[PDB]
Structures are given as C-alpha cells and as structure tokens.
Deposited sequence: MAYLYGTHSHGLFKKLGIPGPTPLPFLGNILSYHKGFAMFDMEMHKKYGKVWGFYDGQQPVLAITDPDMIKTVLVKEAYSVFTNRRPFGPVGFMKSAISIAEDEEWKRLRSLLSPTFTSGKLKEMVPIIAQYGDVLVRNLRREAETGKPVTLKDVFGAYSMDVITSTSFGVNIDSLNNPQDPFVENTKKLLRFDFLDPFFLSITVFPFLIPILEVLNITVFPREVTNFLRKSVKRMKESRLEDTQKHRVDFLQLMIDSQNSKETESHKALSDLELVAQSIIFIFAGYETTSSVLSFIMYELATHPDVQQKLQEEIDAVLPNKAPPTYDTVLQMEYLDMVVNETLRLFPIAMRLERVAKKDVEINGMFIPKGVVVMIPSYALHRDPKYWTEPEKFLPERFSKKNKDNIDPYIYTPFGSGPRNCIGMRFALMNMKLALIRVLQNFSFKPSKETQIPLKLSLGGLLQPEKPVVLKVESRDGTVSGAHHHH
C-alpha cells in the first residue's frame, strides 16, 4: 500500500514524493550513485525516500554520520538492512545481527590483524608473480588487455591460497572445479528484476526461505561446504584464513557451518570489489601518465629495480597510498553505507523512528564540491601528508567506519598495493584505441565501468 509513505512528510523531512507500492524505486533508473547525487543537490543535508514501503533516511552531516556509524553503533545502529532470501548464509558476519554479529566480529577480528596480514604476504606475493607472467605473455603478443580478466583472476588466486590453501592459477585453469564454483560469487545487482521485486514485495521473502530458495547459488555453497569439510579432514590430522578459523573454533565457538559461511562471504566481499578497484586504479594510471611515472619512480626508489615488495616496504610507499586512496575517493564501490534504527532515536536534534534505514551516500559525499575542490578530477595530492589532515573520515568512507566497517580493509589495501607494485615494476599501462575516455559508469546497481577497461600493456 502506502501506509508508511507519509512518514517523512509527517517529520517535515524533504524528499521525492513516493508512488503507491513502488515508493521511489523508479528513481533508480540511472543507478544508485546518480540517484544520490541528484537527491543531494535537490534536497540538501538530509532527505527521505522509500524503497518500496521501506523508509530510508539519507544523511550528509559528518557529525550525524559519526553518531550513526560510531557513537550509537551498539545501542541503535547495529545492523544493516535485512537481507533475504538466504539460508545458512544468515550466519555470515556481514548478514548476522546484534549479539550474533558482535560475537562473530570478535571471533574473526584476530584473523585480520596486521601481524596475521604480514604472515600472509608471502602467499599474496606468489600470485603477484603469477599475475606478471600472465600479463607479460598477453603483452609480448601485442594486443590490448582486458583488466577485469587479469585482475579478476588475480583477485581469486589470492583469496583461495590465503583463505583455504588452494593454490591455483585461475586464469590458466578456468575449468578447475574450484575456480568454476568460486567465480560465481559475484556481487549482487540490487537493481536487477529479482531484487526490485523483492523490494516491492518483501513479504515474499519468508515464502522463499521456507522453500530454501536463496540468493547464494545452492550448487556453489554445497560444493564449498563439501570442500571445506575435506580440507578440515586433511589438516586434522597431518597460515591461511581457514587455518586461523579452524584454530579459533578450537576453543561461543565458531560453529562448523558458521565457519563455512565466513569463508564464502569473504570471497563474496573480496572478489569483485578488489578486482573492480584495481581496474579503476589502472584506468586512472593509464590516463594520467605523469602519475603512473611518478608512482613507478617511488617503487623503483623503495625497491631498487624489481626487488620483491615486503609488508614493511609497502607501508613505506606514500605516493602509492595516495593513488589508491584517490581512486577509492572517485570510486567507492559500496556507494552507500546503511544502518537500521533498531529503536526510536533522536540524533543531533532529529527524531528517527524505529525501523528506518539510515543511509550514508558515500559516492555523493566523495564527489561533493563543498568538501572537495574539483571533485571529478583525479588528484592524488589530495591525500598527501600535507593535505591529508583536511580530510573528514566521515565524508571519506570507502571502507565505511565504526565497529561494523570493512573488516578486510587492511588485507584489501595490502593485496591491491602488492599487485600494483609488481605490475608497475614490470610494465607501463597505456590507453588503447578502444579505451573508453573519459570513463563512463554503469547505470546499473553496481559501480563499474560501462564497458570493461582495456589497456595496452608494455614491458619495461
């Protein structure tokens, strides 16, 4: 109906007037980012809209954002919006709620410490070497390279080896059953017809769940469930995420099925995200030769030509950090951050009813001219140690913020940097005739290039 559709009107909150049943979902016809940009421009600091019957409050004031993401994380804003239909993946840390979430976050946090990270570096390193060799041969036969294919394959190689201990060159072994399964763990397009229908008829989710219909492919999760079981029967008895998880449940203990839910959600959270960002980075480097050259000069200085990167030397590369951060400013692939008000609240003068989704529009904030000079331009100096103090951590939020921020942030940052270093040590990347310049974005539910980035790759 429209019973909920008078909420923001009643609170004096501005926003696009909702249609019966649909709410404002027709405003998604150009994707999430364009919707949020336009609403921001038109309504200002705060606006309300409806995903079907679901009220969503967008906030843009960084003190408000602090209150939601940090200060009242545990009291009120603990969970993201409910998500289904799911089966056992209900126990995935990204989907879990309240005490169940707070428990998983505790069990898993030790796994993502820098100390653990540093021990994982040799493994990630090995597939940098693989990425290079794959790159090199796709180059010495001089045709333009599809980044998503080579970085996609890199993204997988690193997850498997660092999570399970499965050591596969996915690019050259694409019909390996493990590869064929895990490669299906792509990000959801919440603007596709199934999810729009679920948004308009959310009362159908329980019907789907009772039939065990789930948006995580059953065949894949079944396969991974069986794989995990056999590896646990290979480790017991005879350095990866699985081992650390195996060891932790070896004590309120990581259940068997819970363990596998986390393994799967890690792939899901890390696979296409990491691939996408690396593609964006290489696009920026290719279209800004001066930046690519300067980055190559830093790498060569820190690592006298082609010395292998280490954890310590990665942390030494300031310009590398700037390029990664500025690319993430332009392309915050989550686009929005979300928390549900689990009870009535009044934050910074504004009353928010229980059940409202409070949304932080990262993409819109990242490109807001009020906080960023020439926001559409790629300018790494934004993040130089001189200019860096100028950056509000509640305006710049590519990994979110607070207790429920990206738990794999450190790993993803390290992963990408190690990829970039090895790749840049060996090659230069340049536009091809069929490089899309300037880059156009998908008008779908995922922040990605409209067409895959294709670059000419030249050996140094």
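Chemist: Write out the missing regions of the deposited sequence in sequence order, one range per stretch.
Modeler: Gaps vs deposited seq, in order: 1-5, 244-248, 262-267, 477-487.
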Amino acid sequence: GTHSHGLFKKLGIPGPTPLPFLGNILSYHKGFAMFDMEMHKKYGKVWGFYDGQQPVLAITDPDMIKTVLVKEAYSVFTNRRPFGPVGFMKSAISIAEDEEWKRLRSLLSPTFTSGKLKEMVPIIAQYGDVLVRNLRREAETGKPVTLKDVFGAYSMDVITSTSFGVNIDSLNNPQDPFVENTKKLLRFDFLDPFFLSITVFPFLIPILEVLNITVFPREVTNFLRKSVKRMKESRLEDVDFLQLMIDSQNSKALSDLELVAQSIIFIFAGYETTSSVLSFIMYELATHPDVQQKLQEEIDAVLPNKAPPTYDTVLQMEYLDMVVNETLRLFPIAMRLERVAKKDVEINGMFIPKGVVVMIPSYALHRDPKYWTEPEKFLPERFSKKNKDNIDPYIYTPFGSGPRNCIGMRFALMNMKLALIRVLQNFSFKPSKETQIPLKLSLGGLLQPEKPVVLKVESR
From here on, numbers count along this sequence of modelled residues.
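Chemist: Got a sec? Mean C-alpha B-factor, which is higher, 33-41 or 430-438?
Modeler: If you average the C-alpha B-factors of 430-438 and of 33-41, the larger mean comes out for 430-438.
Chemist: Per the PDB record, is the mean Cα temperature factor higher over 240-248 or over 263-271?
Modeler: Looking at the recorded C-alpha B-factors, 240-248 comes out higher on average.
Chemist: Among the choices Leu285, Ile347, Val358, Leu208, identify the one whose CA B-factor in the record is greatest.
Modeler: Among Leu285, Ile347, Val358, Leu208, the PDB entry lists the largest C-alpha B-factor for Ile347.
Chemist: Could you say which of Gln292, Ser362, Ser75, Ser197 has its CA atom at the highest B factor, as listed in the PDB entry?
Modeler: The record points to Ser75.
Chemist: By the record's CA B-factor, is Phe383 among the lowest, middle or highest third of residues in the chain?
Modeler: Lowest third, going by the recorded CA B-factors of the chain.
Chemist: Taking the values exactly as deposited, rank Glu138 by C-alpha B-factor within its chain and report the matching third: lowest, middle or highest.
Modeler: Answer is highest: the recorded C-alpha B-factor places it there.
Chemist: For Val121, does the deposited CA B-factor place it in the lowest, middle or highest third of the chain?
Modeler: Its C-alpha B-factor, which the entry lists for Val121, ranks in the highest third among residues of this chain.
Chemist: Based on the entry's values, in what third of the chain does the Cα temperature factor of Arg339 lie: lowest, middle or highest?
Modeler: Its C-alpha B-factor, which the entry lists for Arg339, ranks in the lowest third among residues of this chain.
Chemist: Ranking every modelled residue in this chain by its Cα temperature factor as given in the entry, which third contains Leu224?
Modeler: Ranked within chain, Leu224 CA B lands in the middle tercile.
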